[PDB]
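J.: Structure in structure tokens, see below.
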Amino acid sequence: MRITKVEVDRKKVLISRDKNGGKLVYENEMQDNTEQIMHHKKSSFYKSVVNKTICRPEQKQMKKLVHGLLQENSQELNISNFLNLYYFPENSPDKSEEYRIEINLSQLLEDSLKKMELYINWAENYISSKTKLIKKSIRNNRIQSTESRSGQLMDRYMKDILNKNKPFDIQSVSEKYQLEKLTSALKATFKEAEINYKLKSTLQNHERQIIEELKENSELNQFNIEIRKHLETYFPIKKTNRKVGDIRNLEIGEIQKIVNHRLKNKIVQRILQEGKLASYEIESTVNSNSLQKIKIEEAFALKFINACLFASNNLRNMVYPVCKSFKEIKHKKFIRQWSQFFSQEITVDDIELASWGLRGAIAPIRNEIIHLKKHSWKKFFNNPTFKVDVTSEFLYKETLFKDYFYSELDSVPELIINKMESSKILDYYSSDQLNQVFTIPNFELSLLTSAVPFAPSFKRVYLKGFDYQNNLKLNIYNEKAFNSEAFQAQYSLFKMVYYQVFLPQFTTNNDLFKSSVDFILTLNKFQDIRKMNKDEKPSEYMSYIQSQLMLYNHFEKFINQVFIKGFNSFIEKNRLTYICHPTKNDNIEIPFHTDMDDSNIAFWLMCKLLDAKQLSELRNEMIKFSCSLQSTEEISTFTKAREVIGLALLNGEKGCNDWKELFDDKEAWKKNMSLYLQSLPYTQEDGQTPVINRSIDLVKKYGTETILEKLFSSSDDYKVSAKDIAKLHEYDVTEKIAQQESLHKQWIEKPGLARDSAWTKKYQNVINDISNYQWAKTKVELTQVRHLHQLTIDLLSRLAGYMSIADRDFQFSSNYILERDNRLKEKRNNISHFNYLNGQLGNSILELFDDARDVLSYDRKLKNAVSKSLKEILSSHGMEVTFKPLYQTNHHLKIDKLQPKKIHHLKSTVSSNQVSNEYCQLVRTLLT
RNA sequence: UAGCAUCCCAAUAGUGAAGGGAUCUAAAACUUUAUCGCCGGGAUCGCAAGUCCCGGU
């Protein structure tokens, strides 16, 4: 039933595919033994046998009777309704009538009730045959198949691809395979009309009719294999709820085309795998562990490639707005963008040095990591060279870059104080009372999140802690009523401590991690995990934990509980429980000692040219790679890298704190802001101190200014309006959400109110009022602009990672070709360098996704992922999009019914729009 | 293909290949303004999103 990822002899079993052979092994040891697992899976195969003989409704009496008759240890009416045969025993020298043994369990059960050794023999024979089949499947599951039939055919097709002879001659193989008769039989059976079962039966009939031809040649064997895959994909025998599978799927023409496409996809996957093996120099020895390490290295490299591509895009927006080199530079625009980024101003004489040091911080890392090899990570990350008509060489320790880096280092205390005041926990907690969290003797403020590969976010941890408290003996997580600004301050301070205080030392230290893991493991009694030793590093131990998780969701709950218990223990022990009781009402001493020399500036600048979300993604992947690593020098370099990411996170949200003098003038600000007013919401009381909106300044900083201006230029009555202004004054949002909480608690006490029409109408009206007020607030304070920028940047990063995959496969295939259409390259130049924000090509987001599908059409695993990425990103942003059929839109995917994802309240008729209908219109207009 | 994608192996060709595997592929899961009850079970959908009973606040 399931031969891997099962607990045999109290340990997980998994397959390791070597270059030759390929075996089943236990969780850790490398000893190649399939026989032990095959013998120990006897009970699982018995369960498979009973599930095969018993139909989908497994009624208890018949299931127990079958299990008792089948198993000696487990020994304790109509039959065909609960039933789901002529067979040959394994020890049959030849297949004929005299070895054609019976199976009619209905008659057997009727006879037994009238009163099954033959049935036991049938079960034993099936179990033995399935053991041998699974054993051979594992044994022949080599990495690069050569002696297998499919592997040999694939190798011949590789040879033809490398030469200029078209392989798998498809019309001829179809004609000599009798595809015409196959299609005629399938069409007749479909017209006659469990239709999938009948179509598969006719497929097997054609197989038996042409088996004397298809059993001797790999081309017909593989043709039948892909025909069977087509049948399972469109008319599944097992996946009943897939679709109807219309007669159009039976046409000779496109079944021909899909068979050819599957063969070509298999061939190209094989050639890219061979190129990967050649480039990584592991062709002689390919193991499961080696491929897992290569996969981790690949994923970290791809995340870093996306990060440095974002950095290159930001450098392009800073220096050369149109690109795909330094003479055309907008001095004023570069000065303004550099000021907005670095929170500091450079002179005109320093603009060339600034730009070229930015290039020397971004490009060399991209060049070093885009080439897949075992490279020294210290020499990869140090990067102390800045390149200057003529080319010179200076050092980042002799530029303004060092001064800015040291200013950020010294202002990290000031930056954390400013962020804490912006989220206003200062207004609730006293100075000396607050100071006792950064002054912990060992839990000093460190900007590294954690070496834990899967670091739970504060949102997830706090939500699960409230859920568990309301026995984990939790006493920290309480009062989840987000209406209270006291809770807002408490939540902000908890997030800050969690992210920049607790995890640093709770992850660089093993004792607290071990205590939390032990408590979480021993509370409930997550049986399939082991407790570590005192010398085991928590990073590597829980990297093993997450490896088990991503093979196999009990592991996510386990990790969340571990971090929850650790946070609770730290807060209780360090006398930090006062945060749970905010009371609204000097300076705070902030310890901050980090081991930064002048060699981290390059990564510092690259990080500074990224958004907070991309920086967090890069940090998470970097943590995963550091855990997967095994060298202490590289561990320290990635630790410094994580410290730099924390620096960027703390100083990323600096923004601007200037009046109309930030822009060119008052009229310039009016022109550039009314496109997205003189009253209180946008300008102060005096009418001449207009607050620079975070949305506007961020969208100008990240280069989405032109695209979002083009989007908001759709119509004039579409931005903030009198109705949006008035919706704020209609009611108090705090009172509205308090009433919603009261009504939710009322339905908590009595679910019957869900059937009361008046009460359900009142609750729906309250929900609609809350959603409308939140949308109106995001409109007046322009949070919609920020969210739209986040949407478009997330999409651009998704296509950038997809094109990183495309470039990886490109260079692998090129390397293998060397060892043995430019439209996609132009498309790479358009997408990977973020030229949409440039706007010269002028292709919408759906057009970009169609371009990504076109270039990534070389494999269906990415052709499908390109389409699914937009859907998943929009769903995670709170809105569902139903793509129209591609064949009806000339392969250019459009949008149909882009609707708000209805967060369901109380299967009932009440549902809350996670995003407003007007925001859905915004997203539709941006995409189209 | 739109939820189950993709790739590898698997010859008693009705023991249905109607098999197994994938940190070995790629999504995705994880990831610093929060309007969804939570935990602890059972049952059942190819399982997946989810569905129905059953319980404590």
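For the structure tokens, the naming scheme is as follows: chains receive sequential letters (A, B, ...) according to their order of presentation, residues are indexed from 1 within each chain, and ligands are indexed from 1 in presentation order.
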Among range 404-434 of chain A, which residues carry a DSSP assignment of alpha helix (DSSP H), reported as a PyMOL selection string?

T.: chain A and resi 404-422+431-434

J.: Since we have the selection now, will you write its residues out, keeping N, CA and C atoms, as a JSON list (two decimals), in the first residue's frame?

T.:
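See selection-v1.json below for the written result:
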[["chain", "number", "residue", "atom", "x", "y", "z"],
["A", 404, "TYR", "N", 27.84, 54.70, 6.21],
["A", 404, "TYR", "CA", 26.42, 54.37, 6.30],
["A", 404, "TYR", "C", 26.21, 53.07, 7.07],
["A", 405, "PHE", "N", 27.06, 52.06, 6.82],
["A", 405, "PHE", "CA", 26.93, 50.80, 7.54],
["A", 405, "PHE", "C", 27.13, 50.99, 9.03],
["A", 406, "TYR", "N", 28.14, 51.77, 9.42],
["A", 406, "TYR", "CA", 28.39, 52.02, 10.84],
["A", 406, "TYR", "C", 27.29, 52.88, 11.45],
["A", 407, "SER", "N", 26.73, 53.82, 10.68],
["A", 407, "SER", "CA", 25.61, 54.61, 11.18],
["A", 407, "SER", "C", 24.40, 53.73, 11.45],
["A", 408, "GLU", "N", 24.11, 52.78, 10.56],
["A", 408, "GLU", "CA", 23.03, 51.83, 10.82],
["A", 408, "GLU", "C", 23.35, 50.97, 12.04],
["A", 409, "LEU", "N", 24.61, 50.55, 12.18],
["A", 409, "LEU", "CA", 25.00, 49.75, 13.34],
["A", 409, "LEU", "C", 24.75, 50.51, 14.64],
["A", 410, "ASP", "N", 25.12, 51.79, 14.67],
["A", 410, "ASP", "CA", 24.95, 52.59, 15.89],
["A", 410, "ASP", "C", 23.51, 53.01, 16.12],
["A", 411, "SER", "N", 22.71, 53.13, 15.06],
["A", 411, "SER", "CA", 21.33, 53.56, 15.19],
["A", 411, "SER", "C", 20.35, 52.41, 15.33],
["A", 412, "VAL", "N", 20.82, 51.16, 15.23],
["A", 412, "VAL", "CA", 19.97, 50.00, 15.51],
["A", 412, "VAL", "C", 19.32, 50.15, 16.89],
["A", 413, "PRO", "N", 20.03, 50.58, 17.94],
["A", 413, "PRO", "CA", 19.31, 50.96, 19.17],
["A", 413, "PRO", "C", 18.28, 52.05, 18.93],
["A", 414, "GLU", "N", 18.67, 53.13, 18.25],
["A", 414, "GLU", "CA", 17.73, 54.21, 17.96],
["A", 414, "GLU", "C", 16.61, 53.72, 17.04],
["A", 415, "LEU", "N", 16.94, 52.85, 16.09],
["A", 415, "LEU", "CA", 15.92, 52.33, 15.18],
["A", 415, "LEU", "C", 14.90, 51.48, 15.91],
["A", 416, "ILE", "N", 15.35, 50.62, 16.83],
["A", 416, "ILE", "CA", 14.41, 49.78, 17.56],
["A", 416, "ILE", "C", 13.57, 50.63, 18.51],
["A", 417, "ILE", "N", 14.17, 51.67, 19.11],
["A", 417, "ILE", "CA", 13.39, 52.57, 19.95],
["A", 417, "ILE", "C", 12.34, 53.30, 19.12],
["A", 418, "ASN", "N", 12.72, 53.76, 17.93],
["A", 418, "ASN", "CA", 11.78, 54.48, 17.07],
["A", 418, "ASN", "C", 10.65, 53.57, 16.60],
["A", 419, "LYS", "N", 10.96, 52.32, 16.24],
["A", 419, "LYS", "CA", 9.91, 51.39, 15.85],
["A", 419, "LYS", "C", 8.99, 51.08, 17.02],
["A", 420, "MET", "N", 9.56, 50.92, 18.22],
["A", 420, "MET", "CA", 8.76, 50.64, 19.40],
["A", 420, "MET", "C", 7.86, 51.81, 19.76],
["A", 421, "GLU", "N", 8.31, 53.04, 19.49],
["A", 421, "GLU", "CA", 7.45, 54.20, 19.70],
["A", 421, "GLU", "C", 6.41, 54.36, 18.59],
["A", 422, "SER", "N", 6.75, 53.99, 17.35],
["A", 422, "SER", "CA", 5.79, 54.05, 16.26],
["A", 422, "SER", "C", 4.65, 53.08, 16.49],
["A", 431, "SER", "N", 9.69, 53.21, 31.43],
["A", 431, "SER", "CA", 11.03, 53.11, 30.86],
["A", 431, "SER", "C", 11.85, 52.02, 31.54],
["A", 432, "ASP", "N", 12.02, 52.11, 32.86],
["A", 432, "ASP", "CA", 12.80, 51.11, 33.58],
["A", 432, "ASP", "C", 12.11, 49.75, 33.57],
["A", 433, "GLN", "N", 10.78, 49.74, 33.60],
["A", 433, "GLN", "CA", 10.04, 48.48, 33.51],
["A", 433, "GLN", "C", 10.26, 47.81, 32.16],
["A", 434, "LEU", "N", 10.36, 48.60, 31.10],
["A", 434, "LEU", "CA", 10.62, 48.07, 29.76],
["A", 434, "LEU", "C", 12.08, 47.67, 29.58]]

J.: Excluding residue 30 in chain B and residues on its chain fewer than 5 positions from it, collect all residues at most 8 Å away from it, counting only C-alpha atoms (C1' of nucleotides), and give them as a ChimeraX atom specification.

T.: /A:454-456

J.: Would you kindly return, as a PDB file with N, CA and C atoms (P, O5', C5', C4', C3', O3' and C1' of nucleotides), in the first residue's frame, each protein, DNA or RNA residue with an atom no farther than 8 Å from any atom of range 42-52 of chain B, considering only C-alpha atoms (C1' of nucleotides) and excluding same-chain residues fewer than 6 positions away?

T.:
ATOM      1  N   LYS A 238      -9.275   5.698 -10.535  1.00  0.00           N
ATOM      2  CA  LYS A 238      -9.272   5.955  -9.100  1.00  0.00           C
ATOM      3  C   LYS A 238      -9.725   7.363  -8.741  1.00  0.00           C
ATOM      4  N   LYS A 239      -9.287   8.378  -9.488  1.00  0.00           N
ATOM      5  CA  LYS A 239      -9.661   9.766  -9.205  1.00  0.00           C
ATOM      6  C   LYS A 239     -11.025  10.037  -9.835  1.00  0.00           C
ATOM      7  N   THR A 240     -12.067   9.573  -9.141  1.00  0.00           N
ATOM      8  CA  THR A 240     -13.422   9.655  -9.681  1.00  0.00           C
ATOM      9  C   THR A 240     -13.875  11.099  -9.858  1.00  0.00           C
TER      10      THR A 240
ATOM     11  P     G B   3      -9.512  22.961  -9.232  1.00  0.00           P
ATOM     12  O5'   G B   3      -8.660  22.805  -7.894  1.00  0.00           O
ATOM     13  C5'   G B   3      -7.347  23.348  -7.800  1.00  0.00           C
ATOM     14  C4'   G B   3      -6.307  22.273  -7.588  1.00  0.00           C
ATOM     15  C3'   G B   3      -6.312  21.146  -8.619  1.00  0.00           C
ATOM     16  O3'   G B   3      -4.976  20.694  -8.840  1.00  0.00           O
ATOM     17  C1'   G B   3      -6.676  20.248  -6.467  1.00  0.00           C
ATOM     18  P     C B   4      -4.592  19.936 -10.204  1.00  0.00           P
ATOM     19  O5'   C B   4      -4.117  18.494  -9.719  1.00  0.00           O
ATOM     20  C5'   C B   4      -2.870  18.327  -9.060  1.00  0.00           C
ATOM     21  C4'   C B   4      -2.828  17.062  -8.240  1.00  0.00           C
ATOM     22  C3'   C B   4      -3.151  15.767  -8.968  1.00  0.00           C
ATOM     23  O3'   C B   4      -2.062  15.257  -9.716  1.00  0.00           O
ATOM     24  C1'   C B   4      -4.311  15.836  -6.902  1.00  0.00           C
TER      25        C B   4
END

J.: Counting only C-alpha atoms (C1' of nucleotides), which residues in chain B sit no more than 7 Å from chain A? For each one, give the nearest pair of atoms and the distance in Å, sorted by chain then residue number, as a tab-separated table.

T.:
residue	atom	partner	partner_atom	distance
B:5	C1'	A:861	CA	6.1
B:6	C1'	A:861	CA	4.1
B:8	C1'	A:141	CA	6.4
B:9	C1'	A:141	CA	4.2
B:10	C1'	A:137	CA	4.1
B:12	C1'	A:88	CA	5.9
B:13	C1'	A:208	CA	6.7
B:15	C1'	A:126	CA	5.5
B:18	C1'	A:237	CA	5.9
B:20	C1'	A:134	CA	6.0
B:23	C1'	A:292	CA	5.0
B:24	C1'	A:291	CA	5.3
B:26	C1'	A:861	CA	5.6
B:27	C1'	A:865	CA	5.8
B:30	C1'	A:454	CA	6.0
B:31	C1'	A:617	CA	5.6
B:35	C1'	A:767	CA	6.4
B:36	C1'	A:903	CA	5.9
B:38	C1'	A:467	CA	5.3
B:46	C1'	A:238	CA	4.9

J.: Contacts of residue 41 in chain B at 12 Å or less, counting only C-alpha atoms (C1' of nucleotides), minus same-chain residues fewer than 4 places along, as a list in words?

T.: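 These residues fall inside the cut-off: residues 53, 54 and 55 of chain B.
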